[PDB]
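Encoded as structure tokens, the structure appears first; notes follow it.
Taken together, the values in this text are just the output of simple stated rules run on the coordinates, not laboratory data. Note that we place each Cβ from the backbone using ideal geometry, even for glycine, and neighbour counts take in every protein chain shown.
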Amino acid sequence: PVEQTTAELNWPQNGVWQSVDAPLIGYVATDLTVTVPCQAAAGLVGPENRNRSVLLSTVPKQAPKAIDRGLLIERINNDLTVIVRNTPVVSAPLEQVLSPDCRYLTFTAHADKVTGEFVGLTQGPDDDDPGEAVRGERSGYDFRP
């Protein structure tokens, strides 16, 4: 056996809602878990007039190979979408994100499968089997941002 020193990056340790640098040598983290209250989305949705694009991202948004390497929980058009690598995990219109007041977004990154979900929300007549949770999961590729 050998004595390891386990490390974990946490976001409530800032106290104030703000960005923090943590560049990883081995590009991806063993596992991540993102939990965000849906009512927090107001800071970028609520204005309409403002330019605050990303809720949180594991890559600075304006880097050209960003929407290709990492995770971005952001407002795109009239929707709040979750994009990991180049594929979009989940998608919910900004109205349904805040207006029902019974929602929150969760997301996890694992080597076997990457998953996100708009908990408490159900999507109508479309790709999502109507009534089933606004979820999205992708496997058969290491999608870790």
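Counting only Cβ charges, +1 for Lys and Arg and -1 for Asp and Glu, the dipole size of the chain around its Cα centre is about 520 debye. Highest average first, the peptides 114-125, 60-71 ordered by how many other beta carbon atoms sit within 10 Å of their residues are 114-125, 60-71.
Across the chain, Cα pairs under 8 Å and at least six residues apart give a relative contact order of 20 percent. Taking label positions 7 Å along the Cα-Cβ direction at both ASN14 and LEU56, the computed distance is 0.9 nm, reported to one decimal. Over the stretch 7-145, what portion of Cα pair distances is larger than 21 Å, expressed as a whole percent? The calculated P(r) of the stretch 7-145 puts 42 percent of pairs beyond 21 Å.
A full extension of the chain between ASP126 and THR33 corresponds to an added length of 30.7 nm, given 0.36 nm per residue minus the alpha carbon distance.
Projecting the Cα atoms of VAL134, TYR27, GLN4 onto the charge dipole of the chain, computed from C-beta unit charges around the Cα centre, puts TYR27 farthest toward the positive end.
At full extension, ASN78 and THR106 could sit 8.1 nm farther apart than now, given 0.36 nm per residue minus the alpha carbon distance.
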